[PDB]
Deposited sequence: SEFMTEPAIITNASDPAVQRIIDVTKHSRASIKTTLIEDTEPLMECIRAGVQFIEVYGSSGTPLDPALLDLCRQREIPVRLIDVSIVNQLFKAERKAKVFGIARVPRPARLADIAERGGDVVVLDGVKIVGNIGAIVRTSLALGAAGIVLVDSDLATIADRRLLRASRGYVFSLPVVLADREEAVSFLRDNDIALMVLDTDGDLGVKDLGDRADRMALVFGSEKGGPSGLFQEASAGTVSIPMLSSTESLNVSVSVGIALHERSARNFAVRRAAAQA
């Protein structure tokens, strides 16, 4: 065979076993696929090493980036990599963002209240980043950490690109209060049409509830108003991730302005 020397072959090299180690559960994660790896490196996550399966090209952009940052790359014979991904990285889990980080960053706050489906949560993380939100407060998500590998996968690596914070319903409302961030609650039958959302000049929190429940009462009490997305009939409802896209799309001139000024500061 004279199989290329560089390819990690033994199932028990330190690195193989180190990779088993995260899998079998340091403060380090596995991050998969070319794009998520590139967003994570961009967001400043620190990597220990990037791996690809022998037999397939590593993305030139990723390689470049990996030489750009001083991130070692190596290949592992394809057979083993079936310990899962054609490309993946071991990264150090950054320290959990906190509510303060969100206020400081400027711009709209996305609050989820009892959203628990991780595919929904991940899609929302990605939308919130892309549409210029300051950050995301997760209340009642049943997540232990944002570094959960289901959420990393679902967010396509966006979970470390803006502050995403686990908080309790109480501390969340409290935080918005003493930062003077008016919140509005998304709901069917809300008084403000979502198309009027861009009119309000200052940053705001938008609160979203789960499929079933909606948002609880704590938020419904501090609210400066309710916002509705017009639908065919008043009994229908959108997926929560879809609702988030629409509301943040309406806020985008506002949030883009904030993102652009921060980029120049």
Which regions of the deposited sequence are unaccounted for in the modelled residues, listed N- to C-terminal?
-> 1 to 3, 29 to 31, 91 to 96
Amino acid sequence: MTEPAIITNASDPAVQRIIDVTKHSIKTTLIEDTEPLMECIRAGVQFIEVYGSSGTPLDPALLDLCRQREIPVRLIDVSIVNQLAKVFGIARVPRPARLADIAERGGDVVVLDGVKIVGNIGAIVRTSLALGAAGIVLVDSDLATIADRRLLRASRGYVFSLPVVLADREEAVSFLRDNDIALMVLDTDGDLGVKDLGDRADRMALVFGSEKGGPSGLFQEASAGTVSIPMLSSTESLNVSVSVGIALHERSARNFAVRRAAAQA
From here on, numbers count along this sequence of modelled residues.
Using only the Cα atoms and their B-factors as the entry lists them, report which of 86 to 94 and 119 to 127 averages higher.
-> 86 to 94
Is the mean CA B factor in the deposited entry higher across 26 to 34 or across 192 to 200?
-> 26 to 34
Highest Cα B-factor in the deposition, which of 257, 248, 242, 14?
-> 14
Which one of 217, 225, 230, 52 shows the top CA temperature factor in the record?
-> 217
Among the chain's modelled residues, which third holds the C-alpha B-factor of residue 209?
-> middle
What third of its chain's C-alpha B-factors does residue 177 belong to: lowest, middle or highest?
-> highest
Among the modelled residues of its chain, the C-alpha B-factor of residue 162 falls in the third labelled lowest
Thinking about Cα B factors across the chain, which third does residue 108 belong to?
-> lowest
Residue 134's Cα B-factor: lowest, middle or highest third of the chain?
-> lowest
